[PDB]
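Read off the chains here:
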Amino acid sequence: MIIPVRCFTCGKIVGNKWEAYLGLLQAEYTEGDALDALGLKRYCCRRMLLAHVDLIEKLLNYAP
Amino acid sequence: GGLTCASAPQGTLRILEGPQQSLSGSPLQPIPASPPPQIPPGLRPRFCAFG
Ligand SMILES: [Zn+2]
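Regarding how it was determined, this PDB entry cites cryo-EM in its header, along with a resolution of 2.89 Å.

A. Seen up close, the UniProt feature "binding site: Zn(2+)" in chain A. All names here are of chain A. In this numbering, the UniProt entry assigns the feature "binding site: Zn(2+)" to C7, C10, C44 and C45. Across 39 residues of sequence, these annotated residues stay compact in space, with a maximum C-alpha separation of 7.8 Å. Inspection of the secondary structure assignment puts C7 in the segment before helix 1 (18-26). Its relative accessible area of 3% is what places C7 among the buried residues. In contact with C7, other than residues within four places in its own chain, are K12, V14, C44, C45 and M48. Here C44 lies in helix 3 (residues 43-50). Residue classification places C44 among the buried residues on the basis of a relative accessible area of 13%. In contact with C44, not counting residues within four places along its chain, are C7, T9 and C10.

Conventions we followed
Throughout, a per-chain count from 1 in the order the sequence is written supplies the residue numbers; the entry may number residues differently, and those without coordinates are omitted. Chains carry letters and ligands carry numbers; both start at the beginning, A for chains and 1 for ligands, and go up in the order they are written. Part of a larger assembly is shown; the reported values describe that part exclusively. With hydrogens and water set aside, each side-chain value is computed from the structure's full complement of heavy atoms. UniProt positions are given in the numbering used here, feature names are shortened, and annotations may be inferred rather than shown by experiment. Numbering of helices and strands starts at the N terminus; helices are DSSP runs of H or I of at least 4 residues and strands are runs of E of at least 2. Think of it in three bands: with a 1.4 Å probe and only protein chains considered, a residue is buried below 20% of the maximum accessible area for its type, exposed above 50%, and partly exposed in between. In this analysis, two residues are considered to be in contact whenever any of their non-hydrogen atoms come within 4.5 Å of each other.

Here it is as structure tokens:
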């Protein structure tokens, strides 16, 4: 639904790299370069953003 | 002055309309076969040890 606040495997906090991730992808950067530029070294953190599906943007579209 | 049976027909013709076959080219697929999954060029390590 919404970005997890901390990575499940190592509790690294990834809940503040969602908008930065989206901004570096709009600038032309690959998902690899983008996840690198955010400080996500070990692949347990990289999967936390790489495979996130933001469904809070589709629920926030039905009437109040 | 009536109609009488005449001589038996000597043959029969059966007509049908038919078109012909073209050359065998056998063009199986636009982009054919199962194209293989493959390596992204260079790639580079995306991880390092500590120290
Ligand atoms: Zn992690």
